[PDB]
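One structure is given here, and the rest of the page talks about it.
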Amino acid sequence: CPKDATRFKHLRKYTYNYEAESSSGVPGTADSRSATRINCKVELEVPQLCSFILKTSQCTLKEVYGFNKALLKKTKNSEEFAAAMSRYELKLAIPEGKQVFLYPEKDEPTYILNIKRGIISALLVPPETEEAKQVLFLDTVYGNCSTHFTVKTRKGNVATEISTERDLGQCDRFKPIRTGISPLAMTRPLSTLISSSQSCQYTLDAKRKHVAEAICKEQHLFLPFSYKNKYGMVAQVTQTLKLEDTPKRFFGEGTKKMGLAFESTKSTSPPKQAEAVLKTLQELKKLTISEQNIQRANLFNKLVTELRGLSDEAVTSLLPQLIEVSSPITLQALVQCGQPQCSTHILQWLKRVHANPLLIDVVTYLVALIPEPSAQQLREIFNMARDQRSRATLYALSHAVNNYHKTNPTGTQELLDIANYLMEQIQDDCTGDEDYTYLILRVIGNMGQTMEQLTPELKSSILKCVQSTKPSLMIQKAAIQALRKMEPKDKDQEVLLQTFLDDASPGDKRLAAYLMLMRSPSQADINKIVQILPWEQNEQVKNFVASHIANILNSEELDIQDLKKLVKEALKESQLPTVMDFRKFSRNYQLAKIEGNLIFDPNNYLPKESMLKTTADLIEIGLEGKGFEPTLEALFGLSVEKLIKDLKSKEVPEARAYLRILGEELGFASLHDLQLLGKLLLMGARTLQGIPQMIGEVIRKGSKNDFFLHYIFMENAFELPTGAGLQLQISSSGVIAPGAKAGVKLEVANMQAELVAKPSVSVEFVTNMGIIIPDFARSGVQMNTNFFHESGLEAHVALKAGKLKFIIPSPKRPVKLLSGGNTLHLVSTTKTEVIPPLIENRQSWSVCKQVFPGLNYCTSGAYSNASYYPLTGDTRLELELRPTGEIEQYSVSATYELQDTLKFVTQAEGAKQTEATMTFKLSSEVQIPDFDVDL
Ligand SMILES: *[C@@H]1O[C@H](CO)[C@@H](O)[C@H](O)[C@H]1NC(C)=O
């Protein structure tokens, strides 16, 4: 801490008045600007030298809504904003004069923090020097930059008046930021084509060398097409401090030694500022009837803006409200959003509309394998899996939790929620749904290692499943390999051994327990097993264990060499007995340890269990089967006549194979799964038979759908140094939006028909710097130039009272042909409103021509001829066809009036009425009103 680093005296508080105005727009062309006024009363407490405390009160924000005179009022966000302002005090350290440190409140919101940082950034003032003009590297809210120590005027010894420049394009913290761009998406070139600087002045006092009053202003101009770097899309932000009083030890130390460097905060608006998002969808409802699809691309841009500023909680809460107005537009908006929450949304909608839940589970299973998990998506996939519990859902969740743990080893509460949900699923000892219990065991046998640090009950519950034989034998076994990927604890190993020595235990169960234990072998257990085996009765498990002993003793791997030596030392008293025929005896073929396990009931010889390993735990192949020995004995144990009748009498075949790769159980298939597949094919056949029924809905007609497809081809949005503290983001979006409004409504029996689907294309170059205060206010003006073309025709053919009138409806809305030229819009936090176009020098040219009787092919435009175009001002270029009113529309009418006066009239109804009429008897009339050849 230098002797005279600061120009302030401790034990002398400072009552200052902070102000700021974030004006934005195009100078010269007009004067109406998008500005967000803000002011507050700042209490600077001074515990000691180079130690400060910040308090603030009466932080009132004012919003521009009119001119005569910048009309200002109080926002609905202002009160809670000031509440956050006065919620906490701040601590400031500036040791050594250069090093500056922030001590914030731990719970103080980060945007509030950087707001305060921006406020205090201008508060720094560098001590005087002999040179009136100087340039020094000084830190700001965005790190060290080149300040300009320029004495406005000096009293020789002192200079109360002073000025400083900081060209913001030369700041250390000038780095841009990542943004929630469209997934189908240039930073430094954008920095080049923009301006960023501050230039301002300050007033000290001669009496006490304290800043009397300071004022700062900045410039942020879209350089291309700008006029002498002084006109065009510019953002000028103010920051003014006004002293009011300097009233009258301990300094509050903060644990977080935060730096004055700006912290990136995602631009956002609260539900109060995000209420109109539903109206943001209602707007494209208007083109349902208004059909003026020129602004549809701009509407989609508004959608992009609101979703970027949206909150996950709100959107998740009101997704059905989003989707109700029209599903596919909402879906494509979510796709193009580029925001993580969108990923969660659609499937939540999907199950909400029963849109083939089978493929819903399929796609969720597909997406759960991503290596970039999110907690909210984990919660919702857990919820949906609990909902339907299909194989795909459970496998998806099983892989997703492992992926999340691998990516994020840090534990979270949702993992505990999943764990207790699972232990509820198994209840006490896995007495629930047999196949569901099997599937959830297959699940847990993958991430129980991840959850090992979470709940010790994991083992305690599942051993209850292991010990209790109330569940069926298959689930009984599955309880063991639920622990297969689990590290056996001492209690686990003891329970395993106690269940293991049971002779009434099935041979496969005992062997599986043996394998699970020998995962972590114990010398005493091996000794007792070796001493028991000579009197062992189950021959096939004896062959299996002898094979396993041979595998370990002959394991050439040095990793198993020590274990082989230990087993040889144990078996020195007596070696293992003879090995049986591996062709027809249960034996472990632990062949890089590839293990073959063909185990059967000692009564029979067909291996009920066929396990194959591969090795990390590369691949695991298993299969448990039963009910096939009677099938074999059907002929093995003239015949065909009795066999055909005996087919149904055979015991029900029962098989279930499974595959687990990299620990995670990939999936299993059983004969029950096979008949499930048969039922699924039956459902598919029903769906295929449903199309004859669907043709009724097809012919029901009476519909109109605005198939408009949006896209963003350029997405380069970021954040750059904001002098106003409130973030200066940068939005750049080129948006295309073609599409047609197609719908069916007719009546064949009534002889009714019409034409639909006029297609059109729109373009939006939404580009500026976003002067937006996250959750508080938004200001600025993006470039608004639209390249729109209109095409397609609509007709209407009907028949009534025998009059076959074939109407050619000229639309009430004149049909456009091409649109071009800029039409800008002052964008406010509440609602953007059209920027008024220029008047002088805007040649209001309008070339029209009644090319066809009743219709006018016309075009018009205006632009002033001093920024380069289109920054010069509003530009118009519109070519279209408009009804002249003399003909409201055309219609070809015909009625078989027997006399027969079968009229054939091409009436062009309207103020004028031209028609070719044909009535034949033979009355050969040929009427042409235009040339008036009315034969
Ligand atoms: C000032 O800029 C210099 C350039 O040498 C740099 O070393 C220093 O860290 C900067 N100071 C701050 C406070 O950013």
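According to mature numbering (1 follows the signal peptide of the UniProt record, and there is no 0), the residues represented by the sequence shown are 12 to 79, 83 to 199, 204 to 266, 270 to 612, 626 to 649, 658 to 679, 729 to 956, 963 to 996, 1004 to 1025, 1033 to 1046, in order.
All C-beta atoms, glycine included, are put in the ideal place defined by N, C-alpha and C.
Mind checking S853: buried by the 16 CB within 10 Å criterion, or exposed?
buried
Roughly how many whole angstroms lie between the Cα atoms of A889 and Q294?
49 Å
Closest by CA to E274, which one among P197, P58, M860?
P58
Can you find at least 3 beta carbon pairs, one from the region 294 to 310 and one from the region 254 to 262, that sit closer than 8 Å?
no
Return the chain-ordered list of same chain residues with a C-beta closer than 6 Å to the C-beta of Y749, the five sequence neighbours on each side being excluded.
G664, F759
Are the Cβ atoms of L909 and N875 separated by less than 8 Å?
no
By alpha-carbon positions, which one of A389, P394, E393, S395 ends up nearest to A406?
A389
Alpha carbon to alpha carbon, what distance is there between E806 and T167?
48 Å
Can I633 and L554 be called in contact, C-beta distance under 8 Å?
no
Just verifying my parser: in three-state terms, what is the DSSP assignment at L504?
coil
Taking the straight line between their C-alpha atoms, what separation do you get for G754 and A534?
18 Å
Where the alpha helix (DSSP H) through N50 begins and ends:
It is not in any alpha helix (DSSP H) - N50 instead sits in the beta strand (DSSP E) that spans 47 to 59.
In terms of residue numbering, what span does the beta strand (DSSP E) encompassing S177 cover?
175 to 180
I'd like the span of the beta strand (DSSP E) that includes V918, first residue to last.
916 to 919
Reducing DSSP to helix, strand and coil, say where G630 ends up.
strand
Cβ-heavy atom distance between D186 and ligand 1 below 7 Å?
yes
Would you mind stating whether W936 and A953 have Cβ atoms separated by less than 8 Å?
yes
Cβ-heavy atom distance, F151 to ligand 1, below 7 Å
yes
Report the partner residues of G952 according to the DSSP bridge assignment.
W936, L974
Residue interval of the beta strand (DSSP E) (run including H162):
157 to 164
Report the option in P349, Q313, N322, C358 whose CA atom is closest to the CA atom of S332.
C358
Give the list of continuous alpha helix (DSSP H) stretches no shorter than 4 residues that lie fully inside the region 758 to 788.
none
Following the continuous beta strand (DSSP E) through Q257, name the residue where it begins and the one where it ends.
252 to 263
Please identify the residue among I926, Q986, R869, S568 whose C-alpha is closest to the C-alpha of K896.
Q986
For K586, which of helix, strand or coil comes out of DSSP?
helix
Closest by CA to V562, which one among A107, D529, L574?
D529
Cα-Cα separation, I790 to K836
9 Å
Across which residues does DSSP place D153 in a beta bridge pair?
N158
Name the two residues that bound the continuous beta strand (DSSP E) containing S853.
850 to 864
Quick check: the Cα distance between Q1011 and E1019, rounded to an integer number of angstroms?
4 Å
Do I176 and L222 have their CB atoms nearer than 8 Å?
yes
Going straight from the alpha carbon of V325 to that of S822, what length do you get?
11 Å
Could you tell me which whole beta strand (DSSP E) segments of length 3 or greater appear in the region 883 to 933?
897 to 899, 906 to 911, 916 to 919
Beta-ladder partner(s) of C218, from DSSP:
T178, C234
In chain order, what residues of the same chain lie with their CB nearer than 7 Å to the CB of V600, ignoring the 5 residues before and after it?
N564, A567, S568, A571, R608
Tell me, to the nearest whole angstrom, how far the beta carbon of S45 is from that of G871; I am working on the premise that it is less than 8 Å.
6 Å
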